[PDB]
DNA sequence: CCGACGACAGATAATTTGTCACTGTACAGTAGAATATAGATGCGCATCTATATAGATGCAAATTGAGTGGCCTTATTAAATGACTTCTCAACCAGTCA
């Protein structure tokens, strides 16, 4: 998205050098223990090329695990269904 | 004895439904409006028509005044009245008488 943003687990990620690829599709890889930095790849002829690191925005400093981001999302969905 | 088909039971992905996360896209002053036409209706102005004449003229009775034409006893006498005409109208000398 414009400015080099990606959306993963309802968080917004800003790529370090990603803004030249706005409107392009990319693929991405993450360690479930810490999703605060995500690794973005261009898909190509039978091969993925590493493009940038990307960082989570608007979250707390403490490192965010994948299950914790699901937890925040399902708690928020439960409030929406309640209200 | 060997092979094929049906009953009953058991396990399984396709189908449908639900939930969840990421996303393309509209919100951005804006199509009711412009421009022909036919077709019917109404007001105005002209262009006839048909009726209505009173004045003038011709004519034909109806007197109306003004003409014209046709038909008629007469002679004597007398009186009366009214007229006309004619004629006439000297002057002194000579012879008686109381």
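Values quoted throughout were computed directly from the atomic coordinates according to the rules given, and no laboratory measurement underlies them. When we count neighbours, we look across all protein chains shown, and the Cβ atoms used for this are built from the backbone with ideal geometry, even at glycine.
Before moving on, here are some points about what is shown:
- Residue that is nearest to DNA strand B (Cβ to nearest atom), among those in the stretch A:1-21 that are loosely packed, with under 15 Cβ neighbours inside 10 Å and farther than 24 Å from residue A:72 by Cβ: A:2
- Restricting the stretch A:5-21 to residues that are in a loop (DSSP other than H, G, I, E, B) and in contact (Cβ under 8 Å) with a residue 40 or more places away in the chain, the residue that is nearest to residue A:66 (Cα to Cα) is A:9.
- Residue within the stretch A:29-51 that is within 9 Å of DNA strand B (Cβ to nearest atom) and either surrounded by fewer than 13 Cβ atoms within 10 Å (Cβ to Cβ) or touching a residue at least 24 places away in the same chain (Cβ under 8 Å) (or both) present: no
- Put simply, of A:70, A:24 the only residue that is within 13 Å of DNA strand B (Cβ to nearest atom), assigned to a loop (DSSP other than H, G, I, E, B) and exposed (fewer than 14 other Cβ atoms within 10 Å of the Cβ) is A:24.
- Residue A:46 meets the conditions (1) touching a helix residue (DSSP H, G or I) at 6+ places or on another chain (Cβ under 8 Å); (2) on the phi > 0 side of the Ramachandran plot in every case but one. The failed one is (1).
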